[PDB]
Chemist: 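This structure is in structure tokens; I'll ask about it shortly.
If you read the sequence from its start, that first residue is 1, and numbering goes on from there. Just so you know, ligand 1 is whichever comes first in the structure, and atom 1 is the first atom listed for that ligand. Below, each value reflects all heavy atoms present in this structure, side chains not excepted, and no hydrogens, waters or symmetry copies.
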Amino acid sequence: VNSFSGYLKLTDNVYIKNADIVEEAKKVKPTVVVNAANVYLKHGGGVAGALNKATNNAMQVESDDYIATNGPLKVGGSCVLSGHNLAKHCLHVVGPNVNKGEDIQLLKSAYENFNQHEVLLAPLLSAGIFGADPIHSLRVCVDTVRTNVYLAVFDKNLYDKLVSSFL
Ligand SMILES: O=C(N[C@H]1c2cccc(O)c2C[C@H]1C(=O)O)c1cnc2c(c1)CCCN2
């Protein structure tokens, strides 16, 4: 039993809810919240900009030190950093950005990072300002992640479309 509330169950291990991931994180304080990161951990907009704003920019300060030490992530890769006031840990995962021409096949590699964590609160990778089809992202999630994932979808219209079209 865990504290996630109000989710629709899609499969054995994948759950989905129309929710603001920032507000969901503040309430649940999950072990892991996933950020929709870029390789530079520049959290300017989308999910990343919103999570960083909720940490009062502490996420960005920590991220800048990480990059100065380690260099950029790979598209499809991840790193574990602090969850600040939102979660124990933040898993920063880089899905491909279609608006940069990145190979959508890398989306499966991106979701594989979730399998290193037993339970996660996450957005749909490569959705939103990353330019991929969220229906496709949900399909890759279900077909790749084997650990327990609680997906937060900000847009109610998109949420209803994702549920109604789910196979
Ligand atoms: O862009 C947002 N989400 C989308 C997003 C962003 C970045 C990467 C992604 O793969 C996605 C999928 C989108 C979604 O999940 O629908 C977003 C933007 N601003 C916000 C919030 C969410 C929630 C807190 C308040 N401010």
Chemist: Identify the heavy atoms of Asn35 and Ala48 that sit nearest to each other, and give their distance.
Modeler: OD1-CA, 3.0 Å

Chemist: Over 60° means perpendicular and under 30° means parallel, so tell me whether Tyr7 and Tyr150 are parallel, tilted or perpendicular.
Modeler: perpendicular

Chemist: If you link I, L, V, M, F, W and Y whenever their side-chain heavy atoms are under 4.5 Å apart, who else ends up in the same group as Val61?
Modeler: none

Chemist: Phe114 and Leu120: which non-hydrogen atoms are nearest, and at how many Å?
Modeler: O-CD1, 3.6 Å

Chemist: Between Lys161 and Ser164, is there a donor-acceptor pair closer than 3.5 Å when you use the side chain of the first and the backbone of the second?
Modeler: no

Chemist: Is the side chain of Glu112 donor-acceptor paired with the backbone N or O of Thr144 at a distance under 3.5 Å, no angle test?
Modeler: no

Chemist: Quick one: ligand 1 N/O to protein N/O pairs below 3.5 Å?
Modeler:
unit_1: ligand 1; atom_1: 10 (O); unit_2: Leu124; atom_2: O; d: 2.6
unit_1: ligand 1; atom_1: 10 (O); unit_2: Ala127; atom_2: N; d: 2.9
unit_1: ligand 1; atom_1: 10 (O); unit_2: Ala127; atom_2: O; d: 2.9

